[PDB]
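In the block that follows, a single chain appears as structure tokens, in the form deposited in one PDB entry.
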């Protein structure tokens, strides 16, 4: 039960996450958080890979007040597509990524949201898992 970590807390937006991979914790921080999220947020993401990656996928589950808002699923890479990606990385490699994610800008309405982020490979193996709480105030 990995401890809660603040990914960011500024400008009326707080994002706290907990790793849900039983093997390990990881580092995630978000630059320039605010209630008005800019398009293409910059993040810093640090993890030791516990699976090999030929293809990588990201699923996001967004909920609020016990109800589903949205489900999202997107392929991040296949080996060398794009070339600058985690694909081709292997078990035991320690990765640090500092760069944008390709989100739309969003003015987050005041309230609390629950987010589940699941990163997995071509074999449906969990590479990273985080459940998060987002508070817009």
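Definition used throughout: the rigid core is the maximal C-alpha set that superposes within 1.5 Å between two forms. Residue numbers count along the first chain shown, from 1.
The next section is about a form of this same protein that is not shown, the form deposited in another entry.
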query	finding
Mobile residue between this form and the one not shown, C-alpha criterion 2 Å or more, rigid core, from 38, 61, 85, 29	85
CA-CA separation of residue 80 and residue 46, closer or farther in the other form than in the form shown [shift of 3 angstroms or more]	farther
Residue pair residue 80, residue 29 - Cα distance in the other form, closer or farther (3 Å or more)	farther
